[PDB]
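Novice: Attaching a single structure in structure tokens format; questions to follow.
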Amino acid sequence: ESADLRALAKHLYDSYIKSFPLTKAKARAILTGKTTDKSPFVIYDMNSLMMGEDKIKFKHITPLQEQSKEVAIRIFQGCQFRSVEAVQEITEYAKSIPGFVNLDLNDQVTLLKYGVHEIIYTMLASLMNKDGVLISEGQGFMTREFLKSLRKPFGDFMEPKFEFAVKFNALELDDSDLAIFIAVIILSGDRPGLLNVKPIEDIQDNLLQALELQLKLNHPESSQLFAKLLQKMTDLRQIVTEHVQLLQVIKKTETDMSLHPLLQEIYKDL
Ligand SMILES: CCCCCCC(C)(C)c1cc(O)c2c(c1)OC(C)(C)[C@@H]1CC=C(C(=O)O)C[C@@H]21
Ligand SMILES: CCCCCCC(C)(C)c1cc(O)c2c(c1)OC(C)(C)[C@@H]1CC=C(C(=O)O)C[C@@H]21
């Protein structure tokens, strides 16, 4: 079993590296001083925000129609394209989790519907420190306090993720850890409406075994870490429930929103 749980762990890490362009290790190097790379552009207020476009070569430019909208909404709408990119990254990773692709295709949809955001906030942590977050493959850094300064209820979106990220990062996980962790989250057989719970649980039992050992070998100086991570898995579900609640408020209180259709599909019946 042991050499095979290491094989599964390595196979996952390899896909993880293949799937997600920006690793925690890289993000961490940029966040600390510790890279040759030029340091990112800091967006710390409205003025630096406007300079963003000139300084960062990022992948979504706002079209003519959407240019007259208020900054909160533009920021709100801008960021959706990254989530979309995340969604397929996550899908590419899912496809490589040994046994996932052989599930009922509807169950494939359901685990993805429920995991994408748990995984996004997990991975978002890696990009965070107490001051703000890396944006555009780490070419930029938006301050936590700037995001917070946005008018209600837009200044309320990121705080709870930052609240999560500060604590989660204190566990000092790395990419190997996170590769298995991400895997255990997707293959969760307790998601509403699943068709065949058992084949999912069988995979997850295997991933959890790999996680436990991986944390054993990789974290000498912290008893109870594996349990803390299970509690995180739960913590994450509440972040998203908070997050869909706030999204509902946006829908009912704001006039010129544009919720991206792929995201709308994921959010639909959570
Ligand atoms: C009120 C909603 C806040 C959500 C923002 C979350 C946060 C700070 C990780 C963020 C993510 C983003 O993708 C952006 C981003 C911020 O800011 C820009 C300027 C919109 C950025 C532009 C294009 C972007 C790019 O091409 O890199 C990304 C986009
Ligand atoms: C296109 C196949 C049928 C669409 C229905 C499925 C639904 C609504 C989840 C959806 C899936 C999509 O892939 C898109 C999508 C919506 O909306 C966009 C804006 C077309 C999106 C753009 C590029 C996309 C991207 O960046 O990957 C995806 C594309």
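Here, residue 1 is simply the first one shown, and the rest follow in order.
Per the header: X-ray crystallography, 2.8 Å.
Cβ atoms here come from the backbone N, Cα and C positions, even for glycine.
Positions annotated as rosiglitazone binding site by Swiss-Prot: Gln80, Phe81, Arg82, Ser83, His117, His243, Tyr267. Taken from Swiss-Prot, the feature ubiquitin cross-link applies to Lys18. Per Swiss-Prot, the feature domain 'NR LBD' maps to 4-269; the stated evidence is sequence analysis. Sequence annotations record features per position, and here Swiss-Prot assigns motif '9aaTAD' to 261-269 based on experimental evidence.
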Novice: Give me the DSSP three-state residue breakdown of the motif '9aaTAD' (261-269), ordered helix, strand, coil.
Specialist: 7 helix, 0 strand, 2 coil
Novice: Do you know which of the recorded positions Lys18, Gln80, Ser83, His117, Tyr267 end up with C-beta under 6 Å from ligand 1?
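Specialist: Passing the 6 Å Cβ check against ligand 1: none.
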Novice: Let me spell it out: for each of the recorded positions (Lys18, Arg82, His117, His243), count the other Cβ atoms within 10 Å of that residue's Cβ, using every protein chain shown. Which one has the most?
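Specialist: Answer by Cβ density within 10 Å: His117.
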Novice: Report, in whole Å, the straight Cα-to-Cα distance of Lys18 (ubiquitin cross-link) from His243 (rosiglitazone binding site).
Specialist: 29
Novice: From the Cα of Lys18 (ubiquitin cross-link) across to the Cα of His117 (rosiglitazone binding site), what is the distance in angstrom?
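Specialist: Their Cα atoms are separated by 20 Å.
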Novice: List the Cα distance (Å, whole number) between the residue listed as 'ubiquitin cross-link' and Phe81 (rosiglitazone binding site).
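Specialist: A Cα-Cα distance of 20 Å.
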Novice: Are there residues of the same chain, six or more positions away from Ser83 (rosiglitazone binding site), whose CB falls under 8 angstroms from its CB, and which are they?
Specialist: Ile120, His260, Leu263
